[PDB]
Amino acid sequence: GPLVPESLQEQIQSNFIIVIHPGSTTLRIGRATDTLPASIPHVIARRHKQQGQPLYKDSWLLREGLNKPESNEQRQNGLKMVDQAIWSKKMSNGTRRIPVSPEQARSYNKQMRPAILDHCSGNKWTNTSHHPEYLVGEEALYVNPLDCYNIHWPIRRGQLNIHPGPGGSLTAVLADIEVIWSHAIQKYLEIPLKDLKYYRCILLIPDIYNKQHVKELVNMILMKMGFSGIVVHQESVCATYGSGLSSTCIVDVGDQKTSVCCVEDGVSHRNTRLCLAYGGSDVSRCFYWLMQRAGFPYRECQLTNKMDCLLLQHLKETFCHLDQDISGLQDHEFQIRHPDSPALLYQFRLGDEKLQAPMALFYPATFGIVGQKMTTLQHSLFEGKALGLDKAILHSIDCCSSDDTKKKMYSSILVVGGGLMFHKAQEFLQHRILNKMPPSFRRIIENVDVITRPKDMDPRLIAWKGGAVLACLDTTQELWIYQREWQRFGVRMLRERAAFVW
């Protein structure tokens, strides 16, 4: 409650604490005093050192296992489960939702031609005339695909993006992280790197984390970048802080990973931890596939193409919904303003695809991913099969030992991150939870409450905000690990001094 005059707010403690929340697609970074953190595409373009090197592009909306022999059938059967769930749920007036045909749409759609809004789109490729060794964030996304740059996303599906080839070693990934993080600090926080010695860092990490990798990051923060101290915490607990819910089931739907777990007073219960290998991006790809069947008028779209991918993400965020009551064929329009093209405006007609795609989050077989580990527990048949979001929430809560805990968890489900930012998502999910949960508890419990915009904030920023909040906490004074303790004892510090059980 200490209100600080503007003449002094650059001198309070939290002005010298940098809060860092990495993501597969977006880095969120800022001073603990910033109201909004900077949001950067967590990506880097690196120049070739020679002529005639093959262009490496990281996968984004594509991933392994989409084209196995079984992929197409699995996709089909999932979409039938989605459809069954859609039909099964009556509309507000109590009637059935009348399905509309993809073919009916296709007929109208591929008579559609784009109009031009402008001769030039108004966007251009990042300029690389001066041969930068690298580019970061949005500048990286806008590198002409024909330029001699490899594109690297240091994080995929919420873990370090290690893979065969250039940029895929642990060391390359760490160097890319450092370059990306350092660039953001100088450019957006406007903090010279030589000054980091006066700063401390709060690093948010996944609920289920990799000890070795966290170790490395901490080493990077303290030793390579020059922060004097650091505090590491799980993004799930931070989410609870940012939202003000001491006890709650937390679900973080990101672009590529979905976390579920139960948190009780700053503690994520290991036995309740689940990580699912899908998120917003999978929905984006699915929506694309559905739209193609409806005669999607942009016919030269490709999933391997960054600009197209931004378009698909955007289309999903504009059209997709989880509202039973929005039905029928609707007339829509969208723009394309890519570099090297005109500003284009497209008419087209969409039906159930707008609802089917987001619901694949509850029927993830729809993604048609075959032969991959899809589910992860904290230190198998259950892993290779993808688990719907609601089943995961339930399963997680069911892994609480106490029943008073469970009462608390069913009663409060917090949903965080961007992945589930669809219209009516809160209601939609609250409805499934009621019907799907154990009926014994459904009675004992006054209501199931799903929270999506707590305090009416941006779900993408809740955890980051919690990180800042964590810096103000009294118990936090004892969490800091400082450079010299690290240089000396290293990993021993985390075992001794981590807020969570290392």
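Numbering starts at 1 and follows the sequence shown.
*Asks:* Are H379 and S380 truly consecutive in the deposited sequence, or are residues between them missing coordinates? Give the number as none, 1 to 3, 4 to 9, or 10 or more.
*Replies:* Per the record, 10 or more deposited residues are absent between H379 and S380.
*Asks:* Mean C-alpha B-factor higher for 133-141, or for 382-390?
*Replies:* Per the deposited B-factors, the answer is 382-390.
*Asks:* Quick check on the record: does 352-360 or 324-332 carry the larger mean Cα temperature factor?
*Replies:* It is 324-332.
*Asks:* Among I462, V448, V43, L66, which residue carries the highest C-alpha B-factor recorded in the PDB entry?
*Replies:* Across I462, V448, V43, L66, the entry lists the biggest C-alpha B-factor for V448.
*Asks:* Return the residue from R337, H431, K211, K408 that has the highest Cα B-factor in the entry.
*Replies:* Out of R337, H431, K211, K408, the record gives the largest C-alpha B-factor to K408.
*Asks:* Going by the recorded CA B-factors, say which third of the chain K80 sits in, lowest, middle or highest.
*Replies:* Its C-alpha B-factor belongs to the lowest third of this chain's values.
*Asks:* Could you say whether, by C-alpha temperature factor, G466 belongs to the lowest, middle or highest third of its chain?
*Replies:* Bottom third by C-alpha B-factor.
*Asks:* Compared with the other modelled residues in the chain, in which third is the CA B-factor of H395?
*Replies:* Highest third, going by the recorded CA B-factors of the chain.
*Asks:* Lowest, middle or highest third: where is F227 by Cα B-factor in its chain?
*Replies:* Its C-alpha B-factor belongs to the middle third of this chain's values.
*Asks:* Rank-wise, by C-alpha B-factor, drop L27 into the lowest, middle or highest third of its chain.
*Replies:* Answer is lowest: the recorded C-alpha B-factor places it there.
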